[PDB]
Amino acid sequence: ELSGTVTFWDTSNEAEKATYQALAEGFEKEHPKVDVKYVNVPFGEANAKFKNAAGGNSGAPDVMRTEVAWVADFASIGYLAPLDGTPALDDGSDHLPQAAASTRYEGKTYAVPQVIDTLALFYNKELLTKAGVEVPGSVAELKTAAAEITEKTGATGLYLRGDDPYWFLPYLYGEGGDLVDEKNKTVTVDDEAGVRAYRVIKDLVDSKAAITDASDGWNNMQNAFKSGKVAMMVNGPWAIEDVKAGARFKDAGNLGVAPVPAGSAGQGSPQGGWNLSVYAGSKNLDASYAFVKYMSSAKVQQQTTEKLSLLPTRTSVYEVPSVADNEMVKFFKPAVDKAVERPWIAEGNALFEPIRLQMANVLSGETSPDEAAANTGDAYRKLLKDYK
């Protein structure tokens, strides 16, 4: 017997949310005495909304779609139910290891993996063909390509998202850098790779290879890509269905995807994704654990991919012929296997804010790449007291 209310806060976007609400309410098929109360909470509001509710014990959800960085964030302040030895964990070993690391805090499991992701370079196949160019493998080749795309088609080569710090990471990795050396507790973002990365992004916009905006970046990016204003953008699996809604990409066929470009030293893209957690103060714990088990089951992960092309965390699901043949999946899974894994620390998501501010000021010309990198590092040393 399961019964009662299970309130689920989902952060999925406008293209994803009808699918996730249907999946959530499908828990009631097998458990008709449970009432699933689906709520969609915008991504940028959800961390604060959950903390406010959990800290007040007031209108907190039973189950929270928890970003990979949010697990240690929320768990560090006691807001998540530990899951070890509960029915929430079924076939745990099925999950990709890097997925499983984000679920852990101080030797306890506080979430179950849902989707895994990384950033990639999406491109308009027809524009590149019309421009006579190949999909660029590096920043250097992207600049050459962008000039041909402007000269032959009038589009801009790249929409470079300028208001979300996560988009700095491919450039950092491509210049040979990283945020921190975790094993050695050393801040590394202000090494010369960080200077070079800020410089590359500024050059892409100044040279007119790319355009950007200081606000409303998600909408501006998607609108520029879908309208053919740009030929390329960096984005993740959560954009696929949104892009395919557009006249230009109905023909799933016109939507190309490739790795983010290499920089002067190498290439990399960050690992991201979503897990599912239970609020520590839930008044319907059995029903919530079962709900988490259901939402993370192989069946529901397979359905998510079939409807949205989001990537499963469960290895078995890749073997299901239907997942094994989705062309967005066949590209993204190897890219995810290569993606760079961050420190899963309480302060992890706070590492993004200094990048946000310094990247904005580099793009507007208020701050040099040199000063931006040093400022980022200074902010990290303040955030991480036992880092040098």
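Residue positions are given as counts along the sequence shown, with the first one as 1.
Stretch comparison (67 to 75 versus 313 to 321) by mean CA B-factor in the PDB entry places 313 to 321 on top. Averaged over Cα atoms, the B-factor as recorded in the entry is higher for 183 to 191 than for the other of 183 to 191 and 229 to 237.
Looking at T103, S138, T305, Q271, the one whose CA carries the top B-factor in the deposited record is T103. Based on the entry's C-alpha B-factors, the most elevated value among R161, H95, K244, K152 belongs to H95. When the CA B factors of the chain's modelled residues are split into thirds, the value for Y38 lands in the middle one. Per the deposited record, the Cα B-factor of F352 falls in the middle third when ranked against the other modelled residues of its chain. Per-chain ranking of the deposited C-alpha B factor places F50 in the middle third. In this PDB entry, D286 carries a Cα temperature factor that places it within the highest third of its chain's modelled residues.
Compared with the other modelled residues of the chain, the Cα B-factor recorded for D178 ranks in the middle third.
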